[PDB]
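For reference, the chain that follows is the form deposited without the partner chain, supplied as structure tokens.
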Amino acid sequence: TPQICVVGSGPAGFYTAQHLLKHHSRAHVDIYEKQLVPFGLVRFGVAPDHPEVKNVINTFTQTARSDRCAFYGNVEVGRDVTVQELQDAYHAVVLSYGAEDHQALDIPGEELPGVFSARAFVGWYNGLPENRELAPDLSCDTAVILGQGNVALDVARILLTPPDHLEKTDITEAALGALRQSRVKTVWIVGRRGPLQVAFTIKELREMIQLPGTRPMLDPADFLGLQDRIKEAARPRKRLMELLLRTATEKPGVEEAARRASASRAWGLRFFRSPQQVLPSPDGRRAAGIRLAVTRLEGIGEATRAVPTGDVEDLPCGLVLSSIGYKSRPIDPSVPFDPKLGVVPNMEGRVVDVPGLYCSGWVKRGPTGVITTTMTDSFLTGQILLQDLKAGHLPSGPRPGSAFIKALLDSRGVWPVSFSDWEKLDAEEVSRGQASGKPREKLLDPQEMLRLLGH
């Protein structure tokens, strides 16, 4: 009876577990999670207006309800239980704990009230307990987001959607309340490079262009000569660039021109600008602008980089969201960690020089794929692990699994959240959603969550 444990209950943990249970009829999989609840970024990252994307929870739930899978929330691996303890109890351990850090801007002014990582702002409207008191000040009229990735688009879309259109989503009631009072009418999404280097994808770009109550602000000068350079581009890329190009250069029909003229909000893309400094209000109590270094591109293809021209531009704004990526964080002394790539060093999921220890998802590859990328990547890890298990490369003999770990946790005063505990809070969140017409109303207070969890 093979005992495997998974550290992290987001898409990598669940798809790794799912692959292991499907391809090995005896193996048992225990999934550990630091938060009180499961699902990682499916619950706390994916936007409330992308409910479609969260449907993978239904298959995670079937896996968690099966006889050979168990969930242990409220357990911080590296703190409540060490990786070495897990290695001693299981035949194999998979690190699937994501990239829990935001990359900082590393610029002056970054400490002013009104500056946040997009991550934190997302965690706030998605009910991540640690961001429940973020209390972003939306009394300003312009927000600036740095980074032109899908995350940037999510934050801009939430800031500009007519609040009534988010009423029936699972957005927190607190964030929706704040959004109803927001004075933000303009959002600029600023990239260091040009149009050809944007990192967002077409579904999200179209959602922005078509967002009711808004008009797009693209400078055609940013796109001169684009059709020409995208003629040998890959189909998806080319389609995206053509959608951007049209939005920037086609004069709209009479109806769309009217709709754009009556719009109360606007969003735009700014290119060739890198963040140099957040500017304070005269009294230093808030952000009042962002100083951007003008840049120009040098290099060919993917090797192209922005290099400063020496010119600067100041752009007034009261909200600055850095949406420039992530880094995983080390978890425990027994786990190698590369501070540079911000990943656990590994060879196709096998952690370097640590027999029995594997990894999957963002902590394995770096923070850049969508859920399906994470899924097929977790499957690759799952294949190598199971081939190692079958081959007899992991310790021979019994391995106690949770029997041993719970006894440690029992003594240490740590009471894990089982999946059935979670099911109780899920029912409560869902029922609370019934009265208000939402999918659920997430509990944010850890104390109240613990009570509703049966703790």
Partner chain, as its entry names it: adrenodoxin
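Definition used throughout: the rigid core is the maximal C-alpha set that superposes within 1.5 Å between two forms. Positions refer to the first chain, counted from 1.
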Item checked: Mean C-alpha B-factor comparison - 269-277 and 99-107, higher one -> 99-107
Next item on the list: Using only the Cα atoms and their B-factors as the entry lists them, report which of 50-58 and 386-394 averages higher.
Entry: 386-394
Check: Between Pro236, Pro113, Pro195, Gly147, which one tops the list for C-alpha B-factor in the PDB entry?
Finding: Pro236
Next item on the list: Kindly indicate the residue among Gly73, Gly78, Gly127, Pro339 with the greatest C-alpha B-factor in the PDB record.
Entry: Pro339
Item checked: For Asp410, the third of its chain into which the C-alpha B factor falls -> highest
Check: Which third of the chain does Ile4 land in by C-alpha B-factor: lowest, middle or highest?
Finding: lowest
Item checked: Where the record places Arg68 (Cα B-factor, split into thirds across the chain) -> middle
Notebook entry, point to check: Among the modelled residues of its chain, does the C-alpha B-factor of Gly13 lie in the lowest, middle or highest third?
Noted result: lowest
Margin query: When the deposited Cα B-factors of this chain's modelled residues are ordered and cut into thirds, is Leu443 in the lowest, the middle or the highest one?
Written below: lowest
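Omitted here: the form solved in complex with the partner chain. The next part is about that form.
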Next item on the list: Pick the stretch from 378-386, 214-222, 320-328, 83-91 whose residues have a heavy atom within 4.5 Å of the partner chain in the deposited bound form.
Entry: 378-386
Checklist line | Residue among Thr201, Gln197, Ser334, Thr249 with a heavy atom within 4.5 Å of the partner chain in the deposited bound form | finding: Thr201
Margin query: Using a 4.5 Å heavy atom cut-off, which residue among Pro339, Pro236, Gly284, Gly301 comes into contact with the partner chain in the deposited bound form?
Written below: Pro236
Notebook entry, point to check: Quick one: does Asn58 come within 4.5 Å of the partner chain in the deposited bound form, counting heavy atoms only?
Noted result: yes
Margin query: I'd like to know if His24 sits close to the partner chain in the deposited bound form, meaning any non-hydrogen atom pair within 4.5 angstroms.
Written below: no
Item checked: Exercise: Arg206 in contact with the partner chain in the deposited bound form, heavy atom 4.5 Å -> yes
Check: Closest heavy atom of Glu52 to the partner chain in the deposited bound form, within 4.5 Å or not?
Finding: yes
Item checked: Residue showing a 2 Å-or-more C-alpha displacement between this form and the one not shown once the rigid core is overlaid, selected from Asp353, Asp164, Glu111, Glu302 -> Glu302
Notebook entry, point to check: in the deposited bound form, do the Cα atoms of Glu302 and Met217 sit closer or farther apart than here, given a shift of 3 Å or more?
Noted result: farther
Item checked: Pairwise C-alpha change, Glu302 versus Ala221, in the deposited bound form against this form - closer or farther, 3 angstroms or more -> farther
